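Sequence order for the protein chains is B and A.
Numbering-wise, the first sequence is residues 152 to 178, 180 to 199, 212 to 310 according to the authors' numbering.
Numbering-wise, the second sequence is residues 153 to 202, 208 to 310 according to the authors' numbering.
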Amino acid sequence: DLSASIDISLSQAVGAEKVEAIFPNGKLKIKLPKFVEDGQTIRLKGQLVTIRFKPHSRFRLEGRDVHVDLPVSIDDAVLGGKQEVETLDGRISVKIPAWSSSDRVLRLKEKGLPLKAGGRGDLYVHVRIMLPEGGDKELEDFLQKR
Amino acid sequence: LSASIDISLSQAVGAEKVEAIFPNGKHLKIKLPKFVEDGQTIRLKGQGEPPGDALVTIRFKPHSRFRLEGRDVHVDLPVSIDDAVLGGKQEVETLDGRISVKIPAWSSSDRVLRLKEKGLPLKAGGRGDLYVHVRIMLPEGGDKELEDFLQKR
Ligand SMILES: [Cl-]
Numbered sequence: 152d153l154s155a156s157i158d159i160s161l162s163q164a165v166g167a168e169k170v171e172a173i174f175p176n177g178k180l181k182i183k184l185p186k187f188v189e190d191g192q193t194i195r196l197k198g199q212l213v214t215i216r217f218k219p220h221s222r223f224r225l226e227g228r229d230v231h232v233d234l235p236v237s238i239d240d241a242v243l244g245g246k247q248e249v250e251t252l253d254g255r256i257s258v259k260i261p262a263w264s265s266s267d268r269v270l271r272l273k274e275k276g277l278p279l280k281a282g283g284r285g286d287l288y289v290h291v292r293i294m295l296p297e298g299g300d301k302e303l304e305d306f307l308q309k310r
Numbered sequence: 153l154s155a156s157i158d159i160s161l162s163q164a165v166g167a168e169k170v171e172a173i174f175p176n177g178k179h180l181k182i183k184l185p186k187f188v189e190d191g192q193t194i195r196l197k198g199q200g201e202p208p209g210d211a212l213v214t215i216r217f218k219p220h221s222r223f224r225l226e227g228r229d230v231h232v233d234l235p236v237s238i239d240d241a242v243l244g245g246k247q248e249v250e251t252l253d254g255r256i257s258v259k260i261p262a263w264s265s266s267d268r269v270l271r272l273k274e275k276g277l278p279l280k281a282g283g284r285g286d287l288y289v290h291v292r293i294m295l296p297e298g299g300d301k302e303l304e305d306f307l308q309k310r
């Protein structure tokens, strides 16, 4: 037989699409199972492959749920707006409720990792009000007047 | 003889005496060590007739506001937009108490502030740190001055 280890991103675990495995002896493309767990080992008939999740800074895993922070300009938080957020499945636009604070959380169902029992977990988007970087000097002037 | 006591994080810091109630009705006051861990057990020798021993297990009450990472503690701090841009003093409830904290100017929601010795006691001695995660919040009723400014942009 032959034993090897492969690292796949979180998005690859969802997609199940084929991934390439390199063995010590030099030899395979394998379709990932619907339910993939970090550290899971698969016995491949006709030959042991270990699956490790590639680190994703943006995504923090809680079980099979996924959480991602969404930077949001002050204007978008007060007035609401549509902002694109990168996820496992792809880049998707998301609605920002009016008067959203940094505690706001948006729930997207079945966008998380597949569940063993079936279906998928959820992706939670944590609204985070950020300042631009270089400064505003329009907001800065407004607030000092207050 | 076995019993379990639930203490808040603030109690873990204080070491203060706590009361243990056993199945047979015997009650014992015990001085907590400076360093207390969740699930930690203290054996009081003799105290248990079944002679025997009395074992008291200390469990930490869950606290939503405080999340424990080792002996350091992290807590979210709501901060007005005005205080975030201009900096200002904002009150934060902590293990020791309600404490005012300085907000650096131009602080964003990813920013973290370090308060030393505000965490749980350390085994070696001293205390851990409290990290304060700034979160810019909007008023529950509205401003209508900031609201007008942002729509113009
Ligand atoms: Cl230090």
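Quick reminder that beta carbons are idealized off the backbone N, C-alpha and C, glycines included.
Applying the criterion that 16 or more other CB atoms from any shown protein chain within 10 Å of the CB defines a buried residue, is residue i buried or exposed?
| i | result |
| --- | --- |
| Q308(A) | exposed |
| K246(A) | exposed |
| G276(B) | buried |
| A281(A) | exposed |
| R284(B) | buried |
| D158(A) | exposed |
Would you list the one or two residues that DSSP bridges to residue i?
| i | result |
| --- | --- |
| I293(B) | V236(B) |
| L225(B) | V230(B) |
| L272(B) | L287(B) |
| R255(A) | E250(A) |
| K181(A) | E171(A) |
Residue range of the beta strand (DSSP E) that residue i falls in?
| i | result |
| --- | --- |
| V165(B) | That residue, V165(B), is in no beta strand (DSSP E); its alpha helix (DSSP H) goes 161-166. |
| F174(A) | It is not in any beta strand (DSSP E) - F174(A) carries neither H nor E in the DSSP assignment. |
| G282(B) | Here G282(B) belongs to no beta strand (DSSP E), and DSSP marks it neither H nor E. |
| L212(A) | 210-217 |
| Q192(A) | 192-197 |
In whole angstroms, what is the alpha-carbon distance linking residue i and residue j?
| i | j | result |
| --- | --- | --- |
| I182(B) | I215(B) | 11 Å |
| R310(B) | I238(A) | 12 Å |
| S156(B) | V213(B) | 6 Å |
| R268(A) | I293(A) | 10 Å |
| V188(A) | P278(A) | 8 Å |
| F223(B) | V230(A) | 22 Å |
| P202(A) | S154(B) | 55 Å |
| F306(B) | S257(A) | 25 Å |
| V291(B) | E297(B) | 18 Å |
Along the alpha helix (DSSP H) that carries residue i, what are the first and last residues, could you check?
| i | result |
| --- | --- |
| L307(A) | 303-308 |
Inset, instruction - May I ask you to verify whether the region 164-174 of chain A touches the region 258-268 of chain B, counting CB pairs closer than 8 Å and requiring at least 3? - result: no
Legend entry - Cβ contact check for the region 180-196 of chain B and the region 242-257 of chain B: 3 or more pairs under 8 Å: no
Legend entry - the region 172-179 of chain A / the region 221-241 of chain A touching (three or more Cβ pairs under 8 Å): no
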